[PDB]
2 protein chains.
Amino acid sequence: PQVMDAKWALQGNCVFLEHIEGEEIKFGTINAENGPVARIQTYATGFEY
Amino acid sequence: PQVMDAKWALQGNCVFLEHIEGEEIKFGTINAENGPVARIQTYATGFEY
């Protein structure tokens with residue numbers, strides 16, 4: 001194409017906190033990160049004789 | 001266990017002293033040597049989707 005699209009990815013984030021056992025558990029998250037874009041140009045030249 | 005108990009040992013101490021004209025022999029000693037203590041924790045988290 002004249003321009004190309006990014007690439008998408010998801011990841012999950014969670015940290016193993018301590019469990020004193022008299023305290024309720026804590027939860028994690030997910031987030032997305034995307035790739036970069038590219039585009040292509042045209043060039044040309046010629047003669048006239 | 002949640003906490004692990006130490007380890008014990010018993011040792012003795014004696015010093016070869018000099019002996020001149022039936023000097024009464026000196027007498028030794030004993031003592032105790034203990035181990036350290038260790039314990040184990042809990043870690044936990046999760047997701048709710």
# chains A, B, ... in the order shown; residues from 1 in each chain; ligands from 1
>>> calpha_fit_and_write(fixed="chain B", moving="chain A", output="PDB file with C-alpha atoms, in the first residue's frame")
ATOM      1  CA  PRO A   1       5.754 -25.626  58.650  1.00  0.00           C
ATOM      2  CA  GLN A   2       5.060 -21.922  58.648  1.00  0.00           C
ATOM      3  CA  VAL A   3       8.202 -21.613  60.804  1.00  0.00           C
ATOM      4  CA  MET A   4      11.078 -24.074  61.210  1.00  0.00           C
ATOM      5  CA  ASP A   5      13.027 -24.664  64.416  1.00  0.00           C
ATOM      6  CA  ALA A   6      16.745 -24.408  65.102  1.00  0.00           C
ATOM      7  CA  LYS A   7      19.311 -27.202  65.390  1.00  0.00           C
ATOM      8  CA  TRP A   8      21.041 -27.802  68.730  1.00  0.00           C
ATOM      9  CA  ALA A   9      24.594 -29.009  69.362  1.00  0.00           C
ATOM     10  CA  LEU A  10      26.895 -29.493  72.350  1.00  0.00           C
ATOM     11  CA  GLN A  11      30.668 -29.258  72.560  1.00  0.00           C
ATOM     12  CA  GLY A  12      33.289 -29.885  75.225  1.00  0.00           C
ATOM     13  CA  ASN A  13      36.060 -27.396  75.954  1.00  0.00           C
ATOM     14  CA  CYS A  14      39.322 -28.384  77.626  1.00  0.00           C
ATOM     15  CA  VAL A  15      42.919 -27.174  77.391  1.00  0.00           C
ATOM     16  CA  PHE A  16      45.938 -29.352  78.177  1.00  0.00           C
ATOM     17  CA  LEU A  17      47.617 -27.247  80.834  1.00  0.00           C
ATOM     18  CA  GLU A  18      51.047 -28.177  82.156  1.00  0.00           C
ATOM     19  CA  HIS A  19      51.322 -30.605  85.088  1.00  0.00           C
ATOM     20  CA  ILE A  20      54.269 -29.718  87.328  1.00  0.00           C
ATOM     21  CA  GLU A  21      53.261 -32.871  89.336  1.00  0.00           C
ATOM     22  CA  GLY A  22      53.200 -30.857  92.586  1.00  0.00           C
ATOM     23  CA  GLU A  23      49.947 -29.219  91.517  1.00  0.00           C
ATOM     24  CA  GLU A  24      46.413 -30.549  91.242  1.00  0.00           C
ATOM     25  CA  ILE A  25      44.697 -31.104  87.900  1.00  0.00           C
ATOM     26  CA  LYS A  26      42.200 -28.662  86.360  1.00  0.00           C
ATOM     27  CA  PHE A  27      38.853 -29.498  84.759  1.00  0.00           C
ATOM     28  CA  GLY A  28      36.929 -28.593  81.613  1.00  0.00           C
ATOM     29  CA  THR A  29      33.462 -27.508  80.516  1.00  0.00           C
ATOM     30  CA  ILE A  30      30.638 -28.118  78.034  1.00  0.00           C
ATOM     31  CA  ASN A  31      28.537 -25.551  76.175  1.00  0.00           C
ATOM     32  CA  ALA A  32      25.692 -25.481  73.662  1.00  0.00           C
ATOM     33  CA  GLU A  33      25.262 -23.660  70.361  1.00  0.00           C
ATOM     34  CA  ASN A  34      22.021 -23.451  68.399  1.00  0.00           C
ATOM     35  CA  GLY A  35      21.091 -22.992  64.769  1.00  0.00           C
ATOM     36  CA  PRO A  36      18.976 -20.267  63.168  1.00  0.00           C
ATOM     37  CA  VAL A  37      15.268 -20.316  62.347  1.00  0.00           C
ATOM     38  CA  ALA A  38      13.396 -19.979  59.060  1.00  0.00           C
ATOM     39  CA  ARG A  39       9.840 -19.102  58.077  1.00  0.00           C
ATOM     40  CA  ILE A  40       7.857 -19.156  54.833  1.00  0.00           C
ATOM     41  CA  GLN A  41       5.483 -16.527  53.439  1.00  0.00           C
ATOM     42  CA  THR A  42       2.438 -16.527  51.153  1.00  0.00           C
ATOM     43  CA  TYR A  43       2.006 -14.540  47.955  1.00  0.00           C
ATOM     44  CA  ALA A  44      -0.821 -14.415  45.443  1.00  0.00           C
ATOM     45  CA  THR A  45      -2.516 -12.348  42.759  1.00  0.00           C
ATOM     46  CA  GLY A  46      -5.381 -12.671  40.317  1.00  0.00           C
ATOM     47  CA  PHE A  47      -7.640 -11.135  37.699  1.00  0.00           C
ATOM     48  CA  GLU A  48     -11.305 -10.181  37.317  1.00  0.00           C
ATOM     49  CA  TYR A  49     -12.732  -9.825  33.798  1.00  0.00           C
TER      50      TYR A  49
END
>>> select_by_dssp(residues="chain B", states="strand (DSSP E or B)", output="list in words")
residues 3, 4, 8, 9, 10, 11, 12, 13, 29, 30, 31, 32, 33, 34, 38, 39, 43 and 46 of chain B
